[PDB]
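Okay, so here's just one chain, in structure tokens, the form deposited in one PDB entry.
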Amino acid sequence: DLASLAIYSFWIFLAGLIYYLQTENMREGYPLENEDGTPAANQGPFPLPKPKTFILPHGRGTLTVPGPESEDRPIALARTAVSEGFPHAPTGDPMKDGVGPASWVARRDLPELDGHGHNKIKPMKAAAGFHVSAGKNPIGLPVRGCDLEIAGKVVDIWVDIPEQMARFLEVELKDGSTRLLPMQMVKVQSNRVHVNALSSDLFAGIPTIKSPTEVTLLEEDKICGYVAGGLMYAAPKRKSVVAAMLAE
């Protein structure tokens, strides 16, 4: 009976397919570790897959995975329990230490490039022909923190050239320097651009970019991690919704 044979063979195929799929999804994060960085006893029923090599464009080398590439950098955390499964509380300022929801990864310290070899992200003033085509143009607007105080002013939009979209807002602070704010972490209103994740006092703390004309993947991660980490670590300074309504 073909039908019985077919449904029987399908279940055998599916089992192997899930097995194959699961192993392909272990090319990052494995082998597992004990909370102290040592390899765990039980790695589960699925085995590491045979390595694969990505030939990276723009002569940026290759990437073999899974690979021994370790954690490396220091983490400002300390376990709060003797057994496993418990939180590890920060020993310093989580925001400034880049841990917890404020975490970042040591990505390549070079800008992401578009298919043509050029810097993927650029400040609009240096992006030939680029302009705001719809919606409120944020440039020139003051920036308000979650504490309802003025953190600075928008002096430019950082544009993703190929994807032809806005990625960051360049906000100038009191001291005259600027910082990059993730576009999806700001709210562009008709008279302000509000940033709920951070309070005016946390802006100077946003990680900086070494060069004023580009951002490296490493810097994007620190900036983004830092800003997101404010949802939790800047909660004390986050005034309420009614308070915001009260300030028109």
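All residue numbers are counted from 1 along the displayed sequence. By rigid core we mean the largest C-alpha set that fits within 1.5 Å across both forms.
For the pair 77-85 and 145-153, the mean Cα B-factor is higher in 77-85.
Between 57-65 and 178-186, the higher mean Cα B-factor belongs to 57-65. Of the residues listed, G92, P123, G135, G140, the entry assigns the biggest Cα temperature factor to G92. Residue set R167, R107, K96, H131: peak C-alpha B-factor at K96 (per PDB entry).
Per-chain ranking of the deposited C-alpha B factor places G29 in the lowest third. Residue-level temperature factors show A197 in the middle third of its chain, judged at the C-alpha atom. Ranked by C-alpha B-factor against the other modelled residues of its chain, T23 falls in the lowest third.
Looking at the C-alpha B-factors along this chain, the one for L14 belongs to the lowest third. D160 sits in the lowest third of its chain by CA B factor, as recorded in the PDB entry.
Below, we refer to the form deposited in another entry, which is not included among the displayed structures.
In a rigid core superposition between the shown form and the other one, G37 is the single residue of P51, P57, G37, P212 whose Cα is displaced by 2 Å or more. In a rigid-core overlay of the protein, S9 has its C-alpha displaced by under 2 Å between the shown form and the other one. With the core held fixed between the shown form and the other one, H194 has its Cα displaced by under 2 Å. With a cut-off of 2 Å and the rigid core superposed, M26 has a Cα displacement that reaches or exceeds the cut-off between the shown form and the other one.
Whereas the shown form places them at one spacing, the Cα atoms of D109 and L32 lie at least 3 Å closer in the other entry. Compared with the form shown, the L32-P66 C-alpha separation decreases in the other entry, the change being 3 Å or greater.
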